[PDB]
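Colleague: If it helps, the file is called start_5.json and holds JSON, C-alpha atoms:
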[["chain", "number", "residue", "atom", "x", "y", "z"],
["A", 1, "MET", "CA", 0.00, 0.00, 0.00],
["A", 2, "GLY", "CA", 2.91, 2.36, 0.62],
["A", 3, "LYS", "CA", 5.07, 4.91, -1.24],
["A", 4, "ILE", "CA", 7.94, 2.42, -0.82],
["A", 5, "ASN", "CA", 8.07, -1.33, -0.24],
["A", 6, "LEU", "CA", 11.26, -1.95, 1.68],
["A", 7, "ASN", "CA", 11.20, -5.65, 0.71],
["A", 8, "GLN", "CA", 12.04, -4.64, -2.90],
["A", 9, "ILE", "CA", 15.16, -2.65, -2.22],
["A", 10, "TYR", "CA", 18.61, -3.95, -3.19],
["A", 11, "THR", "CA", 22.17, -2.82, -3.60],
["A", 12, "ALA", "CA", 23.56, -2.61, -7.16],
["A", 13, "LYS", "CA", 25.41, -5.94, -6.61],
["A", 14, "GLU", "CA", 22.23, -7.69, -5.47],
["A", 15, "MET", "CA", 20.08, -6.21, -8.23],
["A", 16, "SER", "CA", 22.86, -7.31, -10.72],
["A", 17, "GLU", "CA", 22.34, -10.91, -9.60],
["A", 18, "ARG", "CA", 18.61, -10.52, -9.72],
["A", 19, "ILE", "CA", 18.80, -9.72, -13.45],
["A", 20, "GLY", "CA", 21.12, -12.70, -13.98],
["A", 21, "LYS", "CA", 24.37, -10.82, -14.49],
["A", 22, "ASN", "CA", 27.80, -10.77, -12.82],
["A", 23, "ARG", "CA", 27.49, -8.94, -9.47],
["A", 24, "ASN", "CA", 29.42, -5.97, -10.80],
["A", 25, "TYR", "CA", 27.25, -5.31, -13.86],
["A", 26, "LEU", "CA", 25.18, -2.38, -12.61],
["A", 27, "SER", "CA", 28.05, -0.78, -10.66],
["A", 28, "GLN", "CA", 30.12, -0.86, -13.84],
["A", 29, "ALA", "CA", 27.20, 0.54, -15.90],
["A", 30, "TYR", "CA", 26.96, 3.40, -13.41],
["A", 31, "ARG", "CA", 30.73, 4.10, -13.24],
["A", 32, "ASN", "CA", 30.94, 4.00, -17.06],
["A", 33, "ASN", "CA", 27.87, 6.15, -17.74],
["A", 34, "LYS", "CA", 26.09, 3.37, -19.70],
["A", 35, "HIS", "CA", 22.81, 5.26, -19.74],
["A", 36, "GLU", "CA", 21.23, 3.08, -22.38],
["A", 37, "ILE", "CA", 21.31, 0.35, -19.74],
["A", 38, "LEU", "CA", 20.71, 2.47, -16.65],
["A", 39, "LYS", "CA", 17.61, 4.07, -18.08],
["A", 40, "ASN", "CA", 15.66, 0.81, -17.70],
["A", 41, "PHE", "CA", 16.07, 0.70, -13.89],
["A", 42, "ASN", "CA", 14.58, 2.36, -10.85],
["A", 43, "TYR", "CA", 17.63, 3.42, -8.91],
["A", 44, "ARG", "CA", 19.00, 6.32, -6.85],
["A", 45, "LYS", "CA", 22.25, 7.39, -5.24],
["A", 46, "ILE", "CA", 21.49, 7.25, -1.43],
["A", 47, "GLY", "CA", 24.65, 8.27, 0.43],
["A", 48, "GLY", "CA", 27.48, 6.00, -0.81],
["A", 49, "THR", "CA", 25.15, 3.18, -1.96],
["A", 50, "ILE", "CA", 23.39, 3.09, -5.39],
["A", 51, "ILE", "CA", 20.11, 1.53, -4.44],
["A", 52, "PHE", "CA", 17.82, -0.26, -6.90],
["A", 53, "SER", "CA", 14.29, -1.65, -6.95],
["A", 54, "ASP", "CA", 12.68, -4.08, -9.36],
["A", 55, "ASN", "CA", 9.32, -2.21, -8.86],
["A", 56, "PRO", "CA", 9.11, 1.09, -10.83],
["A", 57, "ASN", "CA", 6.46, 2.30, -8.42],
["A", 58, "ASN", "CA", 8.81, 2.30, -5.42],
["A", 59, "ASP", "CA", 9.64, 5.93, -4.63],
["A", 60, "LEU", "CA", 13.31, 5.65, -3.74],
["A", 61, "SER", "CA", 13.41, 9.37, -2.84],
["A", 62, "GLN", "CA", 11.69, 8.38, 0.38],
["A", 63, "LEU", "CA", 14.80, 6.48, 1.59],
["A", 64, "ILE", "CA", 17.23, 8.21, 3.88],
["A", 65, "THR", "CA", 20.30, 6.86, 5.62],
["A", 66, "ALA", "CA", 20.00, 6.28, 9.34],
["A", 67, "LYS", "CA", 22.98, 8.67, 9.60],
["A", 68, "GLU", "CA", 21.04, 11.47, 7.93],
["A", 69, "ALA", "CA", 17.94, 10.69, 10.08],
["A", 70, "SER", "CA", 20.13, 10.86, 13.23],
["A", 71, "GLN", "CA", 21.59, 14.22, 12.11],
["A", 72, "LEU", "CA", 18.08, 15.57, 11.34],
["A", 73, "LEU", "CA", 17.08, 14.83, 14.98],
["A", 74, "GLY", "CA", 20.17, 16.60, 16.29],
["A", 75, "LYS", "CA", 21.83, 13.44, 17.49],
["A", 76, "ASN", "CA", 25.22, 11.69, 17.02],
["A", 77, "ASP", "CA", 25.73, 10.13, 13.58],
["A", 78, "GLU", "CA", 25.34, 6.63, 15.11],
["A", 79, "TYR", "CA", 22.11, 7.41, 17.01],
["A", 80, "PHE", "CA", 19.77, 5.12, 14.95],
["A", 81, "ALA", "CA", 22.48, 2.54, 14.18],
["A", 82, "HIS", "CA", 23.15, 2.10, 17.95],
["A", 83, "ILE", "CA", 19.44, 1.75, 18.78],
["A", 84, "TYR", "CA", 18.90, -0.68, 15.93],
["A", 85, "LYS", "CA", 21.75, -2.96, 17.12],
["A", 86, "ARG", "CA", 21.00, -2.95, 20.90],
["A", 87, "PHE", "CA", 17.29, -2.07, 21.21],
["A", 88, "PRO", "CA", 15.69, -3.11, 17.94],
["A", 89, "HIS", "CA", 12.18, -3.09, 19.36],
["A", 90, "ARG", "CA", 12.47, 0.70, 19.53],
["A", 91, "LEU", "CA", 12.10, 0.58, 15.71],
["A", 92, "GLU", "CA", 8.93, -1.54, 15.74],
["A", 93, "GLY", "CA", 6.48, 0.24, 13.55],
["A", 94, "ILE", "CA", 9.32, 2.44, 12.08],
["A", 95, "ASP", "CA", 9.89, 1.33, 8.47],
["A", 96, "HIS", "CA", 13.60, 0.53, 8.01],
["A", 97, "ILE", "CA", 15.88, -1.72, 6.04],
["A", 98, "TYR", "CA", 19.51, -2.83, 6.52],
["A", 99, "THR", "CA", 21.26, -3.64, 3.27],
["A", 100, "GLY", "CA", 24.71, -3.01, 1.86],
["A", 101, "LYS", "CA", 25.94, -2.81, 5.43],
["A", 102, "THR", "CA", 23.84, 0.33, 5.96],
["A", 103, "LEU", "CA", 20.67, 1.08, 7.90],
["A", 104, "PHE", "CA", 18.05, 3.20, 6.09],
["A", 105, "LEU", "CA", 14.77, 4.78, 7.32],
["A", 106, "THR", "CA", 12.16, 6.58, 5.29],
["A", 107, "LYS", "CA", 11.17, 10.22, 5.47],
["A", 108, "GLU", "CA", 7.72, 9.14, 6.72],
["A", 109, "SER", "CA", 9.12, 6.63, 9.27],
["A", 110, "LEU", "CA", 11.37, 9.30, 10.70],
["A", 111, "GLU", "CA", 8.16, 11.31, 11.24],
["A", 112, "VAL", "CA", 6.49, 8.37, 12.91],
["A", 113, "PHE", "CA", 9.46, 8.00, 15.22],
["A", 114, "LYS", "CA", 9.46, 11.70, 16.21],
["A", 115, "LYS", "CA", 5.75, 11.46, 17.10],
["A", 116, "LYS", "CA", 6.21, 8.33, 19.16],
["A", 117, "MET", "CA", 8.91, 10.45, 20.93]]
Write out the structure in this file as structure tokens.
Modeller:
Amino acid sequence: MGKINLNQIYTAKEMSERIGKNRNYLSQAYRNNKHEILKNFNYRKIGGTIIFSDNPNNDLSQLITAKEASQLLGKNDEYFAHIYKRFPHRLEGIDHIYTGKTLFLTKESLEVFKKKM
């Protein structure tokens, strides 16, 4: 039902395998400006990760790094990462995904978390 389905979010290496290519295929397409390939994918640069989805209707502009969400709340860079590792139930009901060795929230789940307090 949402603006983004976090179950359909992959790193470039994972999405490369999902389309049956060597794991470096989409990273190399991006580094080499192969736009005739890239134009067929839903992807976005999100911090240092190029993130892809196999669903064109996923709005990847909703994703934010947990680092950025921490900074937006005026907290240490590791604020959300530290909660997620030690107290994961604090993120019940707060849409998030860990992939590519990075925790991500959404702009709307950051709002949910501020309201919860």
Colleague: Please measure the separation of CA of residue 38 (chain A) and CA of residue 1 (chain A), giving the value in Å to one decimal.
Modeller: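 Separating CA of residue 38 (chain A) from CA of residue 1 (chain A) is a distance of 26.7 Å.
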Colleague: From the set A:67, A:35, A:3, A:107, which residue has the shortest atom-to-atom contact distance to residue 55 (chain A), counting all atoms listed in the file?
Modeller: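 Looking only at the distances to residue 55 (chain A), the closest residue turns out to be A:3.
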Colleague: Skip region 46-49 of chain A itself and residues of its chain fewer than 6 positions away, then list as a PyMOL selection string all residues within 8 Å of it, counting only C-alpha atoms.
Modeller: chain A and resi 11-12+63-65+100
Colleague: Taking 4 positions as the minimum chain separation for residues in the same chain, which residues sit within 12 Å of residue 41 (chain A) when counting all atoms listed in the file? Answer as an NGL selection string.
Modeller: :A and (10 or 12 or 15-16 or 19 or 26 or 29-30 or 34-37 or 50-58 or 60)
Colleague: Around the point (12.2, 8.2, 5.5) in the file's coordinates, collect all residues with an atom within 8 Å, using all atoms listed in the file, and return them as an NGL selection string.
Modeller: :A and (62-64 or 69 or 95 or 104-111)
Colleague: Could you check the closest approach to residue 43 (chain A) for each of A:97, A:9, A:83, A:66 and tell me which residue wins, using all atoms listed in the file?
Modeller: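 Answer, going by the shortest atom-to-atom distance: A:9.
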Colleague: Between CA of residue 68 (chain A) and CA of residue 84 (chain A), what is the distance, to one decimal in Å?
Modeller: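 Rounded to one decimal, the two atoms are 14.7 Å apart.
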Colleague: Would you mind telling me which residue in A:116, A:72, A:78, A:8 lies nearest to residue 92 (chain A) when using only C-alpha atoms?
Modeller: A:116
Colleague: Quick check, in Å to one decimal: how far apart do CA of residue 96 (chain A) and CA of residue 7 (chain A) lie?
Modeller: 9.9 Å
Colleague: Of the candidates A:88, A:45, A:115, A:80, which shows the shortest atom-to-atom distance to residue 61 (chain A), using only C-alpha atoms?
Modeller: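 Once distances to residue 61 (chain A) are computed over only C-alpha atoms, the minimum belongs to A:45.
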